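Protein chains in written order, with the entry's author numbering: chain A, 0 to 401, 407 to 441, 451 to 543, 559 to 679; chain B, 1 to 339; chain D, 0 to 402, 410 to 541, 558 to 679. Beta carbons: idealized from backbone N, C-alpha and C, even for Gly. To start, the structure under review is shown below, and the notes come after it.
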Amino acid sequence: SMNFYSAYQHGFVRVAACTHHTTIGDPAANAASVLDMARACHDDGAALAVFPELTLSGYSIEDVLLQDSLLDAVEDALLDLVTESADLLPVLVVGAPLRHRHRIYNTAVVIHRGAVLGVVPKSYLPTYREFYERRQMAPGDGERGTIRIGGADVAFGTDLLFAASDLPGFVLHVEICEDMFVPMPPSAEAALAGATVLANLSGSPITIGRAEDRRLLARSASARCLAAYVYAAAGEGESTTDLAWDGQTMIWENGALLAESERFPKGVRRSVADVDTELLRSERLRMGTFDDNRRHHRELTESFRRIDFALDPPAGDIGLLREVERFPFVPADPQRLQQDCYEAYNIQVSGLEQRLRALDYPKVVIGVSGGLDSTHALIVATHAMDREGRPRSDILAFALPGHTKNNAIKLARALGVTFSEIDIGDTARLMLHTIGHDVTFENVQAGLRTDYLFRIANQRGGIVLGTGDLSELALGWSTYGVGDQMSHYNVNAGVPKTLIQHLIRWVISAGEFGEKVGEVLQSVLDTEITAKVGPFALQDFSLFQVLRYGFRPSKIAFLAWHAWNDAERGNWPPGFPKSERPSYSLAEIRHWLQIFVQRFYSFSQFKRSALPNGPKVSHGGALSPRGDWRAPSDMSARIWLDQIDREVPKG
Amino acid sequence: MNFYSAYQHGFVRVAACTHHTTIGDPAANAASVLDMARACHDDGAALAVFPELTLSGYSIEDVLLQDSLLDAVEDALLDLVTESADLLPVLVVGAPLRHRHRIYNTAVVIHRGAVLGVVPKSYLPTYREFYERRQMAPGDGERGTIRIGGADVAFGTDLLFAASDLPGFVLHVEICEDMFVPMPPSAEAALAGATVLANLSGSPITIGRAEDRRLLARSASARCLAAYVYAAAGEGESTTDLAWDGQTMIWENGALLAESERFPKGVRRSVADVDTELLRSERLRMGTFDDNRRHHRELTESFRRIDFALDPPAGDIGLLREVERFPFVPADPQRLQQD
Amino acid sequence: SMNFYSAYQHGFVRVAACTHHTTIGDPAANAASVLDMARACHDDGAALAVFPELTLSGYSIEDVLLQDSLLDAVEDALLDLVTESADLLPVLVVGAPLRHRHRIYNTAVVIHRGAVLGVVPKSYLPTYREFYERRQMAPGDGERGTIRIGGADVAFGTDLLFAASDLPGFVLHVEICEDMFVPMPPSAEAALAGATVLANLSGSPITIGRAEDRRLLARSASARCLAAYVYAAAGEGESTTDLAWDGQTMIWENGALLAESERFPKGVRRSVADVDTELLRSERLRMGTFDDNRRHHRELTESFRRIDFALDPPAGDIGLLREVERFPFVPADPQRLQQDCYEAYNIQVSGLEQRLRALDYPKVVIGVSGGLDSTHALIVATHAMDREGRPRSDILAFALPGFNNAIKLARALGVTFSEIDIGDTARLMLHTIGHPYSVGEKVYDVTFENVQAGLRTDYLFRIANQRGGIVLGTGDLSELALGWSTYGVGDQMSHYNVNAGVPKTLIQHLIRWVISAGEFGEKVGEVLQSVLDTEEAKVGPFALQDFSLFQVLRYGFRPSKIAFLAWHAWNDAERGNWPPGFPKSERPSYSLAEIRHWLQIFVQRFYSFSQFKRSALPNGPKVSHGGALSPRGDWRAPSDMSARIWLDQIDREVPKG
Ligand SMILES: Nc1ncnc2c1ncn2[C@@H]1O[C@H](COP(=O)(O)OP(=O)(O)OC[C@H]2O[C@@H]([n+]3cccc(C(=O)O)c3)[C@H](O)[C@@H]2O)[C@@H](O)[C@H]1O
Ligand SMILES: Nc1ncnc2c1ncn2[C@@H]1O[C@H](COP(=O)(O)OP(=O)(O)OC[C@H]2O[C@@H]([n+]3cccc(C(=O)O)c3)[C@H](O)[C@@H]2O)[C@@H](O)[C@H]1O
Ligand SMILES: *CC(=O)CC[C@H](N)C(=O)O
Ligand SMILES: *CC(=O)CC[C@H](N)C(=O)O
Ligand SMILES: *CC(=O)CC[C@H](N)C(=O)O
């Protein structure tokens, strides 16, 4: 049905921020540069191309802006670019000084397929320090109605929206430079009114620290407004009478940098990026206070003129111009990952500390298998007790038998907790014979482990620490009730499996426990990293897409297939030797995804529904029915399986 | 004149339906809705009100925010709309729908191949067992239009649906909690000229809650000189934390016309013939009704009026109404004794 | 420090609805009646006295209302009422035809301690059937400003509020008869604006069916507005030229009837009642859609004028003119209780049915002890299976003896019964754990108890896995409330809990109801009867802890409020009503000391100790309008909190005996 490989068909929109070569006072030369860059955007299958402030005239020309021949030439060049846009795909947004009523305004001219769609005046004209804009130009705020551009009255003003009738997640607002620097930017209101993609044309002469100011405000704009922010500054060609120009271009999306270009380039540059319109749709759907803010400013947000146009974007394979991280829960950037780990660890630990204070410092009872989960849980328990001034011997670690085991006893001893072994085999057998008895034997044991721990907890003034992690909660990979699903407080509940290993190796690298302790933990890593329905790399990927954005299955398959299909494309996080770096085909992704939707939406909720306490960890979510995930325990996943059948190719 | 025609005598055949909900499965909800609407059509009915969030299931919590859920809701809606081309009654069907930034708790009014309007729930309970503001936006103060499969249809809380060939039939829709607030959307709608008030309800069943539904639906109808048509969710809604009784009922000016079995096994319909002339006549005589309108002129004059033609049956289709032999002498013994 | 026995000090307000003797055309005489009834209200410590429409003239005097001497007589009778109210405690609300600008208005004069607070014209004048009010009277809808009464300009119009300054939960709004019959009543907007007590003055000539109409609309107003509604109609003395009067008076609170007087009385009558202003406060506090409605009509609601007065109510013991039931979950009225039970039962059954449909009809594993709870859950599970067309033998019931009723019921029902002796496994576990009992020591501590409790659950869960079933929860709401259960492995844990939303006090009555319906038959009836007759005294009487549960769960009332209520309900066994099924013997009274003691235990256990077991709760339906305790639903709280402030409120506010 759908062309699976089409970014557009997956709700992406391609955008370009362009920096052209300026020829100050020569609009025909500026236009030829623009047209050439636009032709490259067209070839890239871009929906949108933003150029710098006053593109057609040059920003830096001062009183030359007031010359009849300057203004006339600007107009003629403009008409030719509109004629030339008949055969171009993208909306072009080009800056121009245009006469309207008494003055010239600093405008962006929004151009698509042989017509001008609208003309947006700069709202705020800096008349301070190096800037002199009120001398030549009129402010645009409050101006409405229309402007005559080549025998056509087109919308004119700061209340304008350019909505694609065939791509409803793409709604464009345009503002100009200084417009984003003021306490109440025009783009803020345009976001509340429906704009999803915010364009900024800049001149912006460059100064020590100014690129940092542009970033601060483009970034936070994109985050606070749940939007893409597309930004172009002026470059080479501009006058250096008093200023210099760096040509910076950048594309932001909900606080995250999608693309940015070389500063001080020799020649023209572009940022091109695929903006995920569903990601924006998803954040807005969920943050109700965004809409609350709209209704508060209802008169202000309801008067925008919506201007429709049809994009007819390309339907075929044009690749994906986007970084798609293999591990949404594990950033491939080392400094970023180090920070993620520091926070995850301190979250779990402080989550436990409070519990423990509240219970007047119980013993901590914990089943330890030599596994990644219970190991890391033990560390957390230990640091918590240390921080609270509590004897590590009040941690009661139990091996509960019915290889990896050796690690458990080593770590316990290395840390100096209280270690003990209870053999559950005979209770297991008594139970099995009483019941009238593979699968079965394993349930009885897992159950009895929990049973003993809970009873030991009763006996010794303790609480049972849970050890199951987020990925297991997600998939229903636990024994429910009397089983490892149950505890008094679960420290690993909000930590996905893909992140646990990284957390342990963070603790090792911190090395604040012993050198002895580091050795046993490294051993755990080596023994353990070498639950069989899916690689957790894949199921944690899908978990993120669902928990955070509620994305559809085919949308998930596409992103994962882009992140995972080629082993040597994109980045990997640290602690991955080149022989532990796998590929997954679409068929693989599709298979594991079918299992995912079935187990996540239908099978597993009842287990999450009666969940012990524990802290949320990841911006991506947790799975607490008191927090991030309210769902029925009694629902089919037919809908999602059906979506897979119809939308995702078998190979 | 066809003497034996209920329609020609100023009656409107109205139906409140409780379907079988399959949570998170819109196509199956649309199947249960379509089946029941054909039954209504056969009965010569002019209106079929279904439960809150008919197409999704009311009780699915954050599954409401899942993209595949919403896509399937919309595809099911479009198919329902397509099927009504041949169906006599106006269908009033709940759906979670995207508009602007959020999803709304909506009722979609469907007649003969087209959508007539889309009505957001005004007040979203977010207390006790209700969590509606977490997933859904308030509809109060919303106007303008909404894009439903290639048409821009009216969207908002100020809509009236008037049968151009049956003037006593003027339809207003509100949703569950909308009738429980001091100043219901429907009280203003009646002053504006609505004679038939629909309510789609989710309404998890609790000890006493049917008495509450009763009191407010009956007192609404009496206070507003209207028929009031109520339909609650039943079997199929998630029982993770709640139970559902699928109550449906039809009031007219304080009188109960029809009601269905609570906790039924299977689908149930209340069906009743509303005397629009009764309503007309009480309105004509009670001047203080219209005085109240004039006091809230701006409120009541702003309502938008969508016209449709019913083309109801001409013939003898019986009369789904209890007409007492002695208007002055109640047949019910307890009531007669009170009198 | 408070006077614990003062209803005023617990957030009550005493309201009175009065019907007086009409002498038509004779205000001095209507005044004299009013005054006499006002003094009786004062004596009763009432803060409000509402009289019938046009109290001072007679409602039915028609064009006599246009007579100069009538109008003059009225005005002088009012000024005299006002002078007398100097020494009266209640706000008086009194009907009168009054001259303002070009006309006479059908007004309500709100009077208090020697001053008029405000005059409220009838918004809406019926001029149809037997009513002709537009002929003599002008509409009040949307008039404002002031009116001169006895040398004072006083608020006049339909947007007035009388807010008591020493009684913040008493804010009065007044309307008049037909005002409450129109789609958009004056008083609906005034409730949004902040009125807690809605007064209505009626003439209301009586007619077949009309008293039901008054009730339908005053009751639903009180319900929809989260308000008290105080209603008074004219009776004897009105003109019977074309009409008759029944002098009906009534007080509604939030949809409930507080009081009502005799219809067609010989002589004057009053409904006096204590309105709980905290019940109203708590209800408003929780239904945010009420506030959402106010913000939607912000212009309407913010326009209101607020007039203050110091009520200065009596500080002492003046009783409680209120019916406080012993069992908030168990209505004393037997047809009401029959209704609750029908509903409880069908809620439990349908909830479980849906669970079973959803899992393609698993087997049903249930631990049966012969107790009330498990007995009831078995019955519920049997009905679920029947309704779904599933064999009763797919219920797998287990007696689990540790260190007759169940087996008899199981066999009578025709379910699959089995005994599993947990003793040997308990022994083995206690030894493995090194418990003193495994070496002979009679240490019957929590672990000893829990090892057994836990093993019962462990067994059932493994049966469930082995046999393709689900374990039914058996614990009831009162146990969830107190944490009287074994957490995690044990008791507290199941695949689906049918009794989760049902409090203990309600359970026996459900069984009674099952026997009465007779649907299961003679033998089942008999065994169930037997279970009732054969069938934790350190958490206190469940009757007391359910009383406390309701106040906290529904209203969040402070502890001294709950003590007050419980004491009033439970102090004297011979006073008030009991539900069906309490033989005279089975009828305890509780002292303040008893009530206080168990409340201390409630707050500690409920707010502090027990939340953690509630926090990881299996699925099950909510049952009671009082609330349920699911952490995904009615009760969201921390698992790590102390109850210090509640225990401290008890020390300061509740006398020790
Ligand atoms: N919607 C629903 N509502 C209420 N109950 C429902 C239910 N769906 C199934 N059930 C019931 O719940 C039970 C099924 O749940 P459960 O008892 O968990 O059993 P189940 O999920 O079938 O098995 C869990 C499996 O995962 C693996 N596991 C287990 C324990 C720990 C780990 C680990 O992380 O190391 C892995 C192991 O292979 C084990 O057999 C049955 O009694 C079934 O009847
Ligand atoms: N806030 C908190 N967060 C996490 N864990 C917490 C905790 N507070 C205590 N804990 C832990 O939980 C455990 C205490 O809870 P739990 O295991 O329930 O033990 P506990 O509540 O101390 O005792 C249960 C008691 O309830 C009574 N009961 C139970 C079952 C049935 C019946 C009947 O009459 O039929 C009566 C009986 O007297 C029994 O001994 C301890 O291990 C404690 O450390
Ligand atoms: C974008 C622009 O007009 C230059 C930057 C602005 N004046 C600023 O405040 O930094
Ligand atoms: C929706 C309805 O009509 C009755 C239930 C409602 N949610 C309530 O009682 O609060
Ligand atoms: C006093 C009054 O308005 C009663 C008339 C009312 N419409 C009624 O009882 O029907």
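Open item on the list: Run through the DSSP bridge pairs and tell me what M249 of chain A is partnered with.
Closed with: Locating residue 249 of chain A in the first sequence gives position 250, counting from the first residue. In DSSP, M249 of chain A forms a bridge with A:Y230 and A:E259.
Open item on the list: Any beta carbon of chain A sitting closer than 8 Å to that of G139 of chain B?
Closed with: Translated into the one-based positions of the second sequence, residue 139 of chain B becomes position 139. Not one chain A Cβ lies under 8 Å of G139 of chain B.
- [ ] To the nearest angstrom, report how far apart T22 of chain B and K583 of chain D are at their CA atoms.
- [x] Translated into positions along the second sequence, residue 22 of chain B becomes position 22. Translated into positions along the third sequence, residue 583 of chain D becomes position 561. Looking at the backbone, the Cα of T22 of chain B and that of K583 of chain D are separated by about 45 Å.
Task: ligand 1 heavy atom lying under 7 Å from the CB of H101 of chain B - done: In the second sequence, the residue the question calls residue 101 of chain B occupies position 101. No, Cβ of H101 of chain B sits at least 7 Å from all heavy atoms of ligand 1.
- [ ] Give the range of the beta strand (DSSP E) segment to which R304 of chain D is assigned.
- [x] Mapped onto the third sequence, residue 304 of chain D falls at position 305. Segment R304 to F308, the beta strand (DSSP E) holding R304 of chain D.
Task: Same chain, Cβ closer than 6 Å to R293 of chain B, neighbours up to 5 away in sequence not counted - done: Position 293 of the second sequence, counted from the start, is the residue given in the question as residue 293 of chain B. Answer for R293 of chain B: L191 and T300, listed in chain order.
TODO: With DSSP as the reference, label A314 of chain D as helix, strand or coil.
DONE: Position 315 of the third sequence, counted from the first residue, corresponds to residue 314 of chain D. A314 of chain D falls in the coil class under three-state DSSP.
Task: Closer than 8 Å to chain A by CB, residue 542 of chain D - done: Between 541 and 558 in chain D the model has nothing, and residue 542 of chain D is one of the residues in that span.
Task: Collapsed DSSP secondary structure at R133 of chain D in the structure displayed - done: To locate residue 133 of chain D, count along the third sequence from 1; it is residue 134. Looking at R133 of chain D - three-state DSSP - the assignment turns out to be helix.
Task: 8 Å Cβ cutoff met for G94 of chain D and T54 of chain D - done: Position 95 of the third sequence, counted from the first residue, corresponds to residue 94 of chain D. Position 55 of the third sequence, counted from the first residue, corresponds to residue 54 of chain D. Cβ distance < 8 Å, so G94 of chain D and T54 of chain D count as in contact.
- [ ] Can you give me the Cβ contacts of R417 of chain A inside the same chain, cut-off strictly under 7 Å, excluding the 5 residues immediately before and after it?
- [x] As a position in the first sequence, residue 417 of chain A is number 413, starting the count at 1. Once the five neighbours on either side are set aside, the close Cβ partners of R417 of chain A are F423.
Open item on the list: Between which residues of its own chain and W251 of chain B is the CB-CB distance below 6 Å, once the five residues before and five after are set aside?
Closed with: Translated into the one-based positions of the second sequence, residue 251 of chain B becomes position 251. Taken in chain order, the residues that qualify are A217, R218, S221 and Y228.
TODO: Just grab the DSSP bridge partners of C17 of chain D for me.
DONE: Residue numbering aside, residue 17 of chain D sits at position 18 when the third sequence is read from its first letter. For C17 of chain D, which the question treats as bridged, DSSP gives the partners D:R269.
Task: Span separating the alpha-carbon of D332 of chain D from that of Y577 of chain D - done: Within the third sequence, the letter at position 333 stands for residue 332 of chain D. Within the third sequence, the letter at position 555 stands for residue 577 of chain D. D332 of chain D and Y577 of chain D have their C-alpha atoms roughly 23 Å apart.
Open item on the list: Starting from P400 of chain D, trace the alpha helix (DSSP H) in both directions and tell me its first and last residue.
Closed with: Numbered from its first residue, the third sequence carries residue 400 of chain D at position 401. Unbroken run through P400 of chain D: none, as it is neither H nor E.
Open item on the list: In the DSSP assignment, the alpha helix (DSSP H) including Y104 of chain B goes from what residue to what residue?
Closed with: As a first step, residue 104 of chain B must be located in the second sequence, where it is residue number 104. Counting along the chain, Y104 of chain B falls outside any alpha helix (DSSP H), though it belongs to the beta strand (DSSP E) covering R102 to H111.
Open item on the list: Less than 8 Å between CB atoms is the rule here; does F572 of chain D satisfy it with respect to chain B?
Closed with: Numbered from its first residue, the third sequence carries residue 572 of chain D at position 550. Look at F572 of chain D: its C-beta is not under 8 Å from any C-beta on chain B.
TODO: Taking only beta-carbon positions, decide if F180 of chain D is within less than 8 Å of chain B.
DONE: Here the question's residue 180 of chain D lines up with position 181 in the third sequence. Chain B contact via Cβ: present.
- [ ] State yes or no: is the C-beta of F50 of chain A nearer than 7 Å to some heavy atom of ligand 3?
- [x] Counting from 1 along the first sequence, the entry for residue 50 of chain A is found at position 51. The answer is no for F50 of chain A.
Task: Per-residue DSSP class, three states only, for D140 of chain A - done: Start at 1 with the first residue of the first sequence, and residue 140 of chain A comes out as number 141. Coil, per DSSP.
TODO: Using 10 angstroms around the beta-carbon of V452 of chain D, count the other beta-carbons present and answer buried if the total reaches 16, otherwise exposed.
DONE: Taking the first residue of the third sequence as position 1, residue 452 of chain D is located at position 446. Classification for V452 of chain D: exposed.
TODO: Tell me, please, which residues DSSP counts as bridged to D275 of chain A.
DONE: Here residue 275 of chain A refers to the residue found at position 276 when the first sequence is read from its first residue. Residue pairing by DSSP places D275 of chain A opposite A:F11 in a beta bridge.
Open item on the list: What ranges does the alpha helix (DSSP H) occupy inside the stretch 35-122 of chain B, keeping only unbroken runs of at least 4 residues that lie completely in it?
Closed with: Counting only runs of 4 or more, we get 67-83.
Open item on the list: On the DSSP bridge list, what partners appear for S500 of chain A?
Closed with: Taking the first residue of the first sequence as 1, we reach residue 500 of chain A at position 487. According to DSSP, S500 of chain A bridges with nothing at all.
Open item on the list: Cutting at 8 Å between CB atoms, please list the residues of its own chain near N411 of chain D, excluding the five before and the five after it.
Closed with: Residue numbering aside, residue 411 of chain D sits at position 405 when the third sequence is read from its first letter. For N411 of chain D, where only same-chain residues beyond five positions count, the Cβ hits under 8 Å are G369, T374, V533, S536, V537 and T540.
Open item on the list: Which residues in chain A have a C-beta closer than 8 Å to the C-beta of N292 of chain D? List them in chain order.
Closed with: Translated into positions along the third sequence, residue 292 of chain D becomes position 293. Within 8 Å Cβ-Cβ: nothing; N292 of chain D doesn't reach chain A, min ~15 Å.
- [ ] Return the residue from the list D:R468, D:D359, D:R98 and D:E52 that minimises the CA-CA distance to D67 of chain D.
- [x] The residue you call residue 67 of chain D lines up with position 68 of the third sequence. When each option's Cα is compared against that of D67 of chain D, the closest is D:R98.
Task: Chain-ordered list of residues that sit, by beta carbon, closer than 5 Å to a heavy atom of ligand 5 - done: For ligand 5, the selected residues are D:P125, D:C176, D:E177, D:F180 and D:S203.
Task: Which of helix, strand or coil DSSP assigns to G287 of chain D - done: Residue mapping note: residue 287 of chain D aligns to position 288 of the third sequence, counting from 1. Helix, per DSSP.
- [ ] List the residues of chain B that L216 of chain D touches, going by C-beta distances under 9 Å, in chain order.
- [x] By one-based count along the third sequence, residue 216 of chain D stands at place 217. Listed along the chain, the chain B residues whose CB falls inside 9 Å of the CB of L216 of chain D are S219, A222 and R223.
TODO: Starting from the Cα of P330 of chain A, find the closest Cα among A:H515, A:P660 and A:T206 and give me that residue.
DONE: Sequence index remark: in the first sequence, residue 330 of chain A carries index 331 (1-based). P330 of chain A has its Cα closest to that of A:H515, out of A:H515, A:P660 and A:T206.
Open item on the list: Assuming contact is defined by CB atoms lying nearer than 8 Å, are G562 of chain D and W620 of chain D in contact in what I supplied?
Closed with: Mapped onto the third sequence, residue 562 of chain D falls at position 540. Mapped onto the third sequence, residue 620 of chain D falls at position 598. Contact: yes.
Open item on the list: I need the DSSP call for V421 of chain D, collapsed to helix, strand or coil.
Closed with: Taking the third sequence and counting its residues from 1, one reaches residue 421 of chain D at position 415. It is coil, neither helix nor strand.
Open item on the list: Does the structure place the stretch 257-264 of chain D close enough to the stretch 29-39 of chain D that three or more beta carbon pairs sit under 8 Å?
Closed with: Counting Cβ pairs under 8 Å, fewer than three are found: no touch.
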